[PDB]
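S.K.: Dropping a structure here in structure tokens format, bear with me for questions.
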Amino acid sequence: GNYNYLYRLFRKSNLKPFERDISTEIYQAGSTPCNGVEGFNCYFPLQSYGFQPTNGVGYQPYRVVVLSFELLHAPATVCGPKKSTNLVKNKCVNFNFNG
Amino acid sequence: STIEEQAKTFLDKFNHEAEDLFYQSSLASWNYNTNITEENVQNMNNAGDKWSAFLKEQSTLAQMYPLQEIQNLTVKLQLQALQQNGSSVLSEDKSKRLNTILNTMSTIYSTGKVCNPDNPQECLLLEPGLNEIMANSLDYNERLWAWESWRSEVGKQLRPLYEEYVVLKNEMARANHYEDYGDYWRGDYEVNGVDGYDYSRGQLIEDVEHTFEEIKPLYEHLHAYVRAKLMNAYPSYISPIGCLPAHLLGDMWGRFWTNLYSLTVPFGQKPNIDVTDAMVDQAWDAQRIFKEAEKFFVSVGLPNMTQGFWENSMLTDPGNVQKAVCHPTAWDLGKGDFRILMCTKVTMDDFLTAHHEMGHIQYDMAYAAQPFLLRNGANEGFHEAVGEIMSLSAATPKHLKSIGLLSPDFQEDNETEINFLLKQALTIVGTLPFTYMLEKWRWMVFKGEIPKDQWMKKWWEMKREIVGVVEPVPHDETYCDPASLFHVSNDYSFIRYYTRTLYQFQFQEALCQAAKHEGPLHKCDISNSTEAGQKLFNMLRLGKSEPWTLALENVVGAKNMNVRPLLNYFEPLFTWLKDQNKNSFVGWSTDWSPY
Ligand SMILES: *[C@@H]1O[C@H](CO)[C@@H](O)[C@H](O)[C@H]1NC(C)=O
């Protein structure tokens, strides 16, 4: 079992889209203010899952990526691959040379 | 700030660690069983000790959490199953004394000794001794001598040990706010918190008594049949009025009566349904057996196995290169890893055992979707019944003929069906009255209704009155007779077998009714019906999140435990016994004494 893959489990409020949390303070479960140590109302919200090679579907590690498509008042930087056909020397044809 | 949030946080923090430790312990036990060395046993012991320490720490931490303010039934059940104090309710000295008593009883009982007189040798262990003696014995004198040596030599030395054991059990029960240890055993079947589906503890005893009274006629007919067969086979060895002896039942504990099948069969001249010769004479092995079992399970509607199940399982005896246990053990891990450890041969009994293990693995994969505190059946009998029903449905001749184990030209004779019904009766009902009597005696001795100097007296009077077994020679009160079993000396229940026997018949009847198949139950097919498989899987995925009564009602329809499937199955055999016992006496009398 691997224990290097940490993850956050408990939070006090929901997160916003496209937000990354940096602070890793302990979670407060009760009304007593946590003084930085664990207790009956203070537990560490960060844990780590276990990935084993003998685990079936649902426990295997899956690398998922998220592609965000946004556009605003700025020139385009990423487009699609434009194709190019074979030209003809002497023939009445329609041409499209870069726009 | 409330208690529910803290409880959910504790559960989420504990479930992952519990699953990890359970996976580690299972891997250590697998490496120990598959590789007997000096370090694997130490690693397994260390893993078990770490798991026990972590579980005790988590239980002590969770004990501080209340149980009344939480309205969630699942969380309440998980906390009730986790906050169990166990043996910690007593003092440290009493706890260590109980542990030492358990250890010495386990070391003494698991070895055994014959030690025949006037012979300084041939004092083998329990397995190569009394087991092989009573296995295929056909003499009265040697069986009586073995029974006397087993009940006398190993009956008087364990009387103070058993007394201290039951005293410590009663003390632990009274210290945990329970009236008796039997109350703590029966509390596992009680379900509360659900309106219209709760089951009281006092109703279970009444239901068991009613089922036993309804089975009484079948057991009396079977006893009369066995007595008639013994009189016809052993003249002047059994009286037609008195009860049957204890050493002529073919078993030391009277659990399995299959040893007298070849002697009490009325149609022994007919061939059996064994398909071992049909498979050993062709290219067949355990791999093809497991493949056909998986095909049957997927035809019924059960999910498929993972990729790790067909690559880590050692389904072949490696031989003298390394020591490997061949005992069938349902290896459950709950984290996608599943495997079966059994040296399956090309016989039929091994085929049924492999089907049973595959059903166990299917149930494990079914309830694996729940946390570690819920990866188990509703009661302690469903986990075995789920595999037993599949093993029984796979033993049908039509299924073996469709697969290829049975020849298509094999005729269907009623004599084979009668013999199969008689064998099933002798192997199932032959121990149900003994199980009920033992359970009632243990309940009464844990509650305190039996005098101290009348334990064996009441035991023998119930074995003579309720059961139809009588001892050939009476013993004194110094010989502890009920302590001759394994479950009574290792803190294991006995009513679980009866509950499993009822639940397997209930499930078989439900699957036969859902399949829209007509005819008797012994030939009713379960495969080729995805609706019944889906209905069964809908109940297998429940686990402990729902009461067992609602789980049974969702598949069978009955509110409580039912016994009518057993009667519907044994009706042909019951009528056959009534027709054969027309000119013979039925029942037994306690006035006769074979002394
Ligand atoms: C099992 O395999 C069969 C064969 O492809 C498939 O149809 C079925 O959906 C599978 N079931 C599960 C639970 O994986």
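Rule-based calculations on the coordinates, nothing more; no lab input. A quick note on method: Cβ atoms are made from the backbone with ideal geometry, for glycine too, and the neighbour counts reach across all protein chains shown.
S.K.: Which ones in the stretch B:289-312 are surrounded by fewer than 20 Cβ atoms within 10 Å (Cβ to Cβ) and away from the ligand (no atom under 16 Å from the Cβ)?
M.R.: B:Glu311, B:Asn312
S.K.: Taking A:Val64 as the residue in question, decide whether it is more than 12 Å from chain B (Cβ to nearest Cβ) and under 30 Å from B:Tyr367 (Cα atoms).
M.R.: Judged against the criteria, A:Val64 is a match.
S.K.: Which one of these does B:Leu405 not meet: (1) part of a loop (DSSP other than H, G, I, E, B); (2) within 14 Å of another protein chain (Cβ to nearest Cβ)?
M.R.: Failed condition: (2).
S.K.: Before we move on, is B:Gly336 within 14 Å of chain A (Cβ to nearest Cβ), farther than 22 Å from B:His522 by Cβ and either touching a residue at least 40 places away in the same chain (Cβ under 8 Å) or within 16 Å of the ligand (Cβ to nearest atom) (or both)?
M.R.: So B:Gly336 passes the test.
S.K.: Can I ask one more? If A:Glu70 satisfies all but one of (1) acidic (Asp, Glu); (2) more than 30 Å from B:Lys335 (Cα to Cα); (3) within 14 Å of chain B (Cβ to nearest Cβ), what's the number of the condition it fails?
M.R.: Just one mismatch for A:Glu70, condition (3).
S.K.: Could you grab me the full set of residues in the stretch B:550-595 that are under 23 Å from B:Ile238 (Cα atoms) and not polar (S, T, N, Q)?
M.R.: B:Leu577, B:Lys578, B:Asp579, B:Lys582, B:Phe585, B:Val586, B:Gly587, B:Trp588, B:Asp591, B:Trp592, B:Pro594, B:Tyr595
S.K.: Just the residues that are assigned to a loop (DSSP other than H, G, I, E, B) and surrounded by 13 or more Cβ atoms within 10 Å (Cβ to Cβ), please, taken from the stretch B:561-583.
M.R.: Hits for the stretch B:561-583 are B:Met561, B:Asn562, B:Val563, B:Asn581.
S.K.: Working carefully through the options B:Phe382, B:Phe338, find the one that is among the aromatic types (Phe, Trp, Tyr), under 21 Å from the mean Cα position of the chain (by Cα) and surrounded by 21 or more Cβ atoms within 10 Å (Cβ to Cβ).
M.R.: Matching residue, one of B:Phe382, B:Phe338: B:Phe382.
S.K.: Something else about it: For the stretch B:6-49, enumerate the residues that are over 25 Å from B:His327 (Cα atoms) and surrounded by fewer than 14 Cβ atoms within 10 Å (Cβ to Cβ).
M.R.: None - no residue of the stretch B:6-49 is over 25 Å from B:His327 (Cα atoms) and surrounded by fewer than 14 Cβ atoms within 10 Å (Cβ to Cβ), so the list stays empty.
S.K.: Return the residues of the stretch A:6-30 that are β-branched (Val, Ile, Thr) and either farther than 21 Å from B:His16 by Cβ or within 11 Å of chain B (Cβ to nearest Cβ) (or both); say none if nothing qualifies.
M.R.: Across the stretch A:6-30, the qualifying residue is only A:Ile22.
S.K.: When you check B:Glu206 against the structure, is it surrounded by fewer than 16 Cβ atoms within 10 Å (Cβ to Cβ) and farther than 30 Å from B:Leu73 by Cβ, yes or no?
M.R.: So B:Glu206 does not fit the description; no.
S.K.: Still on this structure, I have one more. Mind checking which residues of the stretch B:227-265 are closer than 25 Å to B:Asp413 by Cα and free of Cβ contacts under 8 Å to residues at least 60 places away in the same chain?
M.R.: B:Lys229, B:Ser262, B:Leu263
S.K.: Another question, if that's okay. Write out, first by first residue and then by second, each pair whose Cβ atoms fall under 6 Å of each other, whose residues are 6+ apart or on separate chains, and whose first residue, in the stretch B:300-323, is small (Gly, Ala, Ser) while the second is within 16 Å of the ligand (Cβ to nearest atom).
M.R.: So the pair list comes out as B:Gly301/B:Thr530; B:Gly301/B:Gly533; B:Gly301/B:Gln534.
S.K.: On to the next question. Is it the case that the stretch B:366-373 has a residue that's part of a helix (DSSP H, G or I), away from the ligand (no atom under 16 Å from the Cβ), out of contact with any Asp or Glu (no Cβ under 8 Å at 6 or more places or on another chain) and within 14 Å of another protein chain (Cβ to nearest Cβ)?
M.R.: No, every residue in the stretch B:366-373 fails to be part of a helix (DSSP H, G or I), away from the ligand (no atom under 16 Å from the Cβ), out of contact with any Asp or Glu (no Cβ under 8 Å at 6 or more places or on another chain) and within 14 Å of another protein chain (Cβ to nearest Cβ).
S.K.: Filter the stretch B:68-106 for residues that are closer than 16 Å to B:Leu161 by Cβ and charged (D, E, K, R) and give the result.
M.R.: The answer is B:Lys94, B:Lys96, B:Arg97.
S.K.: For B:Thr344, all conditions in the list (1) within 14 Å of another protein chain (Cβ to nearest Cβ); (2) buried (at least 21 other Cβ atoms within 10 Å of the Cβ); (3) away from the ligand (no atom under 16 Å from the Cβ); (4) more than 26 Å from B:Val555 (Cα to Cα) hold save one; what is the number of the exception?
M.R.: All conditions are met except number (1).
S.K.: Can you confirm whether the stretch B:114-123 contains a residue that is under 20 Å from B:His487 (Cα atoms), among the polar types (S, T, N, Q) and in a loop (DSSP other than H, G, I, E, B)?
M.R.: Checking the stretch B:114-123: not a single residue is under 20 Å from B:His487 (Cα atoms), among the polar types (S, T, N, Q) and in a loop (DSSP other than H, G, I, E, B).
S.K.: Right, next: Taking the stretch B:266-288 as the search range and keeping residues that are surrounded by fewer than 18 Cβ atoms within 10 Å (Cβ to Cβ) and aliphatic (A, V, I, L, M), which one is nearest to the ligand (Cβ to nearest atom)?
M.R.: This residue is B:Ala283.
S.K.: So, one more: Going through the stretch B:138-151 one residue at a time, which ones are surrounded by fewer than 16 Cβ atoms within 10 Å (Cβ to Cβ) and either touching a residue at least 24 places away in the same chain (Cβ under 8 Å) or assigned to a loop (DSSP other than H, G, I, E, B) (or both)?
M.R.: Within the stretch B:138-151, B:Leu138, B:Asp139, B:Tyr140 qualify.
S.K.: For the stretch B:376-409, which residues satisfy the criterion of being free of Cβ contacts under 8 Å to residues at least 60 places away in the same chain, small (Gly, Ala, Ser) and in contact with a helix residue (DSSP H, G or I) (Cβ under 9 Å, 6 or more places away or on another chain)?
M.R.: Hits for the stretch B:376-409 are B:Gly387, B:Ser391, B:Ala395, B:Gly404.
S.K.: Among the residues that make up the stretch B:115-135, is at least one of them of a type in the set (A, V, I, L, M), over 26 Å from the mean Cα position of the chain (by Cα) and under 26 Å from B:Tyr479 (Cα atoms)?
M.R.: Among the residues of the stretch B:115-135, at least one is of a type in the set (A, V, I, L, M), over 26 Å from the mean Cα position of the chain (by Cα) and under 26 Å from B:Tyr479 (Cα atoms), which makes the answer yes.
S.K.: Which residue is nearest to the other protein chains (Cβ to nearest Cβ), if the candidates are limited to the stretch B:1-49 and must be part of a helix (DSSP H, G or I) and among the β-branched types (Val, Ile, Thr)?
M.R.: By that ranking, first place goes to B:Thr9.
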